[PDB]
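Working notes, beginning with the structure itself.
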Amino acid sequence: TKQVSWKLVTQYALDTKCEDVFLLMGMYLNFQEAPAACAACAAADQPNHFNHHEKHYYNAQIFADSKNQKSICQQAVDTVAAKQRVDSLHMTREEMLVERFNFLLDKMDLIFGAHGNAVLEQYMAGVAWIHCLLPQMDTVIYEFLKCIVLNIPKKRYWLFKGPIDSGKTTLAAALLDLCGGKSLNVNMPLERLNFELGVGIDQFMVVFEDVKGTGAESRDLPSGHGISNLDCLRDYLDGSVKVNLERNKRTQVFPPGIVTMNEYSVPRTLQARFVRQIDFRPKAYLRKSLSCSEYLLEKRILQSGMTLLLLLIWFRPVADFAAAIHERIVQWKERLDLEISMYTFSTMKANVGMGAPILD
Amino acid sequence: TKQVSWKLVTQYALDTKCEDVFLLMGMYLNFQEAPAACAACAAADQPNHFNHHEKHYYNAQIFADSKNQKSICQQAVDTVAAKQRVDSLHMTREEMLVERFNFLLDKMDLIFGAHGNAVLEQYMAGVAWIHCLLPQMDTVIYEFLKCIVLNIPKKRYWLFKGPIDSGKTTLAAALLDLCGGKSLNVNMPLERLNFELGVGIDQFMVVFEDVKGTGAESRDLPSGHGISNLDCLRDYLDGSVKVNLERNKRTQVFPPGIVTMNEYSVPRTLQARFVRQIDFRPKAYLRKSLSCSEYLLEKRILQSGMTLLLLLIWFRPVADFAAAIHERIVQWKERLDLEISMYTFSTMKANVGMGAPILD
Amino acid sequence: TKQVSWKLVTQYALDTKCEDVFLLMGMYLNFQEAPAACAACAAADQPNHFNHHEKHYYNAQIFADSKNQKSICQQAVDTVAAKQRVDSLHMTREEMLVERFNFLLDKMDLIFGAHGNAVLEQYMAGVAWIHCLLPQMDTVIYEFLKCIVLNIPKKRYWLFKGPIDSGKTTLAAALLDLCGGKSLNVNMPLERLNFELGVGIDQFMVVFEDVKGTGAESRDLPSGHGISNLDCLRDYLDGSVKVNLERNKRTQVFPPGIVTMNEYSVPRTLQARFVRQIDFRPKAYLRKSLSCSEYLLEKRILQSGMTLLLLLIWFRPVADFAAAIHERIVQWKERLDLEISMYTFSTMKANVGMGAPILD
Amino acid sequence: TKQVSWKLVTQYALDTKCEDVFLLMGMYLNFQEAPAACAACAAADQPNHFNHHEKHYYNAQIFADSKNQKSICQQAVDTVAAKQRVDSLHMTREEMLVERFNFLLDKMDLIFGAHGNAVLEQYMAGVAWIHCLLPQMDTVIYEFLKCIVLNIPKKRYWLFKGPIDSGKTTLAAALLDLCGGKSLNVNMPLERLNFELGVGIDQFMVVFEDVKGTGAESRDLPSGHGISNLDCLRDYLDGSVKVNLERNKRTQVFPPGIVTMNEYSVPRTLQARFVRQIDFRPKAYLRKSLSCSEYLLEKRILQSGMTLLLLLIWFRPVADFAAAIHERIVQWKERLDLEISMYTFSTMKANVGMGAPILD
Amino acid sequence: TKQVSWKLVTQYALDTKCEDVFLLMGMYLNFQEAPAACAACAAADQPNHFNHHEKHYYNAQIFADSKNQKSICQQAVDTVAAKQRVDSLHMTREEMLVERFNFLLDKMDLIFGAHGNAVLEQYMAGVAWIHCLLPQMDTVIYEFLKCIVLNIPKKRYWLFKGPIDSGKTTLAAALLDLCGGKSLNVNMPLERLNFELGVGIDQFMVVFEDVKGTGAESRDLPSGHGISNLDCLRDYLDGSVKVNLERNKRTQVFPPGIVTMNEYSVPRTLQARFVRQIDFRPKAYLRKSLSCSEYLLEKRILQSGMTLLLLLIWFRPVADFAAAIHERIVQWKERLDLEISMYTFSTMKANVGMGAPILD
């Protein structure tokens, strides 16, 4: 009888960075039909399918007849986790950011391509709104990337503070997506904390999202254990030494990142853990401009790492990006130039400032 | 010795969307007897049996002699879960609703067919009662389907508020069945919450059923953690970003849906999460008409997604439905036309309004 | 080497409805000795042995030499669970009651037979006592069976209320045995509730036994969470929609049944969930008659489903039973006629009323 | 290569009623050496070894070379549990007591035999002390055995009440050993109760040992949940219906037995559950006689089921015992007659009454 | 291919009493190199290596090439546990103490031998200090051994009471090591107690170390649940009946031993459980002598079972030890005689009494 190549299934999982045994199984089974008569290959809208179908066709036919499908996929997924362990220890943090930028650029090549449905001008409208959120915004994002890549002890965490719908949640979500990190909830009691902190294993960056304090009920702010919990996690935030994380599973320097919170009282000991604090104040023109440009909210553009990378490609020269992605940055600069100019971009920012629709 | 085709058992599970290892085992074993002398095939009342018996007969005989029956069925059920993972990521939300409508139409073809026992006029009486529950009811249902399919951030959740037996529970149950979602209970403490929220993995929509608040004991309303819990789940309700769900198991945008509750105080922060609120007030004629038309309650017609789809087929033209199901909508319109007219339907609604039996 | 037929072991488990892996193993090993010299076969007092020994003799000899006995039995027991899953979805509720009546009649054929030790006149004395417990008792039982078979939403639960030794516990236990359901304890906190509710999976009916309330300590009634718990289980009691039961394991309409309790205060919201309430008041003559007819208590006759089925066979004509069991009802009517008459039965009820021994 | 007989290892486990996988493994490995030069066989002090060595010698040599020893023993132990399941359902309760008496008689044949070290006169001295503990003591024990064998609902539990060292703990321990039951601790909260009650699965009888109440601290009695817990276990104590026991594992009538406690207040509802209450009052002569006859305490004679069976063999005629053990009762009566007379036994009881050493 | 002898690996584990799967694996792998060029064999300082290398060399080479190393070692370790189960039931308690004394003598033969580093005069200095701790100390130790071997009900537990550094902890630790028992912590709540009590399974003796009471905070003594817990464990301490221990795992008479505690109030009911109480009072000369003879503390001599056995070999004649070890006691008496005399031993005790260095 024909033998299935476990190595080839693993190669597919490695090429697509697949961490889900069931997703892998389903995707691999979808390669068993003839690629010449494959409608998914003709549509060319799913690269994880159309770029691999021909290569995996004969192996997928054998896989379809297998009595050990889950085990083949478990070894493949384990190899992906094994590669991630090797990279977390050998890859430089700049190489880690290049890998994430390449993932975002692959997604951008698709959604703004011939077989995609995204509108590039709508994402550029988001770029204009984001550039209006803070002064020197391209420098804010660039200096955040430097903070994450350099990973300097005591200079690794930024604090985002402000009320609801102030751009604080949005910017933190977009920066998380740009770097490719994980969000954490520390509003739970200390008993469940260690399992939640374990989510940061092999992660590039993290966001401690919507951290709550106590005694702010008189200002309509909810009570939580967040601020108290974070104040007892100095070694995790500082990154001077390795911490023991469990989900024990790994001993590593806890990832850098962001803490987001409303207007709670910050203890002196927790305040000292942040190299920078950004205060987010709601601006009437930002909300108005957003209400007039609904596509931004509907298509989740403002929370996208692709929007922040387009901002960077728009504002920053080729030399500001790592050498390994220079060719892709140049091709994206040519693409953006065809559709927007410094004059039309300036009009978009002027439209934001007036609380009018960003696109005329 | 003869070898059992694991692929064929998987094909049966895929064709019937079987997610239960024991149900699959029992159903497959029932294919081992000769289909020519099969009473279940002659009765033709169970499509998951009579449409598959002949195809799986020889394989079921081999399956009956197997010493590894549970393992064969586990791989089959896993393949169904794998396909669901692939669809949750590749299928458009319109395609997801088409699949559910096709499932409801298959059930309708059976129960209102030659080998079925349901009475089509009784379901149409339910359509009349439902159309009397709210003004422009066909538009209410249609706009709910648009809300679920479009899945727009901050515009994904509807609030159903009213006392007991006000039509609030019934409409939410019928909309859940129409879309094919899951019901959730958030009246438990935060410690058990994450396991309950994990029920929403790969789901099209959800209902947070009978959410309880505090301090409404003086108005005979029970105390619960529901309203407090929902107020701490902004990212789940908004759908702006992906949430980490566990039953970790999957990172996804939490499904859209409905929250149902009695007349509790809604906090300003939780109130802002609903794009629409429908207030359900008990009407004496609705209860009276129901008491005179007992078949509605006895046969669970008012809670049925089939009743809401019949309402849609009755009120809305063919172009209001997706192109993929147009042929089935046309055949159902012809079926309904033979049994009810706009005049006889209007009499049914007039009978509801008088609190008299819906069917004369 | 000889191969054991897993299919034949499964067939034995299916024929005896065996749900216990260890019981199956022990019963099957007892078939390895020669049936011609088998004392258990000569005694003919255990049908699960003597009706299967000859058929399974050669396979049991091979089974005795097996190095995988537990696994063979696990697949057999799993097939029994698989069949139960298929029946819970395809069998009509009338067919489910026929299956239970046939199980009770098989037991009756044995204990009142040539190789049995039960005294039919003693069970008929129990029939007389039960018929004295409530007016029109044969109608009470028959209408309960109709309630369970019909399974109508909001009309599925009966409330049995009274002090200790009032016939309330006895009648509920006997009705449970007649239908073949499970008893549930809801006096535990909500944290453990879901695991207990999961006991109702694939069950025909349930009894929420000895439900306790609060603040009745001044009337010597114990405190418990029962009444509070049941008041938060409307969807389980009503049966309008399917509930998610776990022991997740199955999504189904929660079984119908009975709630038994002492004289606690019932909340308006929980009271509305019962289509009928029966109040049990202790009668001095019932206790006295029981003290004079000790065999009833000693032989567990009053709690037996066989006693309630004998009551039905005695009072009701052949047409009141399903067509599938008519031949067995006729044979039991002939058996009862040989031993009791309407005159001698009337004397037994007169003896109950006088608090004297039921049998003269 | 040579094959190990799993059936033969199972036969050894069945013959010795072995329920411990590790004990079985160790005992079986001790059969691998030549029985002709076996010192354990020459000593003849361990029947579970010397009566099986020759039969299992060749199989034990093969077992010694096995790479699957634990699995062979697991199937053997499982078969013992399977046989116990079959017996719990088919064996009459008289047959269950015969099996226990035969186990005690096998132990007695050994310890009072040529290769034993026990002194029969010392056990008879214990018989005299036990016969002085309560009036008509041989009738008390005999009526307890009738209570356990008959297992009549509401007439299955005896209450033993008294202070420390009153003979209450001793008699209950000796009756437990005589019947072969299990002791239970119900002084724990209700949360852990069900796992403890599960210890009664397939058991002949149980003792709820040293049950504690509340508010008796002013009388130097410790506080506990025992009495409160037992008051909520009516169905377990009454034995009118089957209870669901877990360690779910089995549905059965909870075993009969004894409840022992100090002088706590017994609630009216819990008091009604006992068919008999024995009050144990400390007697100065009993303690004094015991202090003068130390061998009773040192050799654990007063807590032994062998002491109670010797009491029965001494006081009761052959016809009072089941027919199956008549030959063994006759041989033990002849043995006792050689060493004690009704006159010398009467002197022993007179010595107890004087608080002097029982043996002159 | 070559086959590994599982029996031989088991034989090594049995010979070294190995209860650690990982230790066994590591020790066995260290036998794969040539014994002629083995530095560990030339050093001759580890008997578990040098006395087994040659015997296991060829099997260890095959073991090194095995793909099932952990499983081979698991069966070996299981056989050691199986042998321990057999011995716990068949070995006399005197034979159990002989086995422990032989283990201590093997260790003594090594550390005081040609390839050892211990100084015999330093251990004899410890013997002198220990003999100064209590009057008739050789009789105290000997009577403790009699108490443990005889294991008489109600006469099995000794109480050691005194403040910190009073010799109480040291003597209890040394007696534990001499007998080969386990230490237990009962200062935890009753919920975790049963798992801790399960540590006493198959153990010769136990020490309930540093038991804490309540309300002694005014005397600088810490609060704990120890004394309260022990007061509810009468059946465990008395040893009149078998207790059910879990880590259920085994039904056995709980081991005898010691309870150590500071000056807390002992309840009358717990006090009655001890056949002997030793009060430890700090003596200034004992601490001073210890400060001048640092090697005692540095080399853990005072806590050693070897020190107590040397005390016994020094003070007691050959007939005081079991016949099986007489030859080893004689050889150790000759060894001690070469290095110390009754005169030089008396000088050591005089040096202790003066608080001066024990060795001149």
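For reference, chains read A, B, C, D and E in written order, and residue numbers begin at 1 within each chain.
One rule holds for everything that comes next: a residue touches a chain if its C-beta (ideal position, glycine included) is under 8 Å from a C-beta of that chain, and two chains touch if they have at least 3 such contacts.
Visitor: Applying the touch definition from the top, give me the chains sitting in contact with each of subunit A and subunit D.
Guide: Per touch definition, common to subunit A and subunit D: zero chains.
Visitor: By C-alpha centroids, what is the most central chain here?
Guide: C
Visitor: Can you give the whole-Å distance between the Cα centres of subunit B and subunit E?
Guide: Distance between chain centres: 68 Å.
Visitor: Give, as an integer number of Å, the spacing between the C-alpha centres of subunit D and subunit B.
Guide: About 59 Å separates the centre of subunit B from that of subunit D.
Visitor: As a quick test, compute the distance in whole Å between the mean CA positions of subunit B and subunit C.
Guide: Each chain reduced to its C-alpha mean, subunit B and subunit C end up 34 Å apart.
Visitor: Please list all residues of subunit A that touch 2 or more other chains.
Guide: Expected reply: no residues.
Visitor: Which of line, ring, star, complete or other matches the graph of chains that touch?
Guide: line
Visitor: Run through the chains and report each pair that touches.
Guide: A-B, B-C, C-D, D-E
Visitor: Per the contact definition, I'd like the list of subunit B residues that touch subunit C in the complex.
Guide: Where subunit B meets subunit C, its residues are 20, 22-23, 25-27, 29-30, 46, 64-67, 69-70, 164, 169-170, 173, 182-183, 187-188, 192, 199, 209-210, 220, 222, 297-298, 300, 303.
Visitor: Can you list the residues on subunit D that touch subunit C in the complex?
Guide: Residues 6-7, 72, 75, 78-79, 81-86, 89-90, 150, 152-154, 190-191, 231-232, 234-235, 240-241, 244, 248, 250, 268-269.
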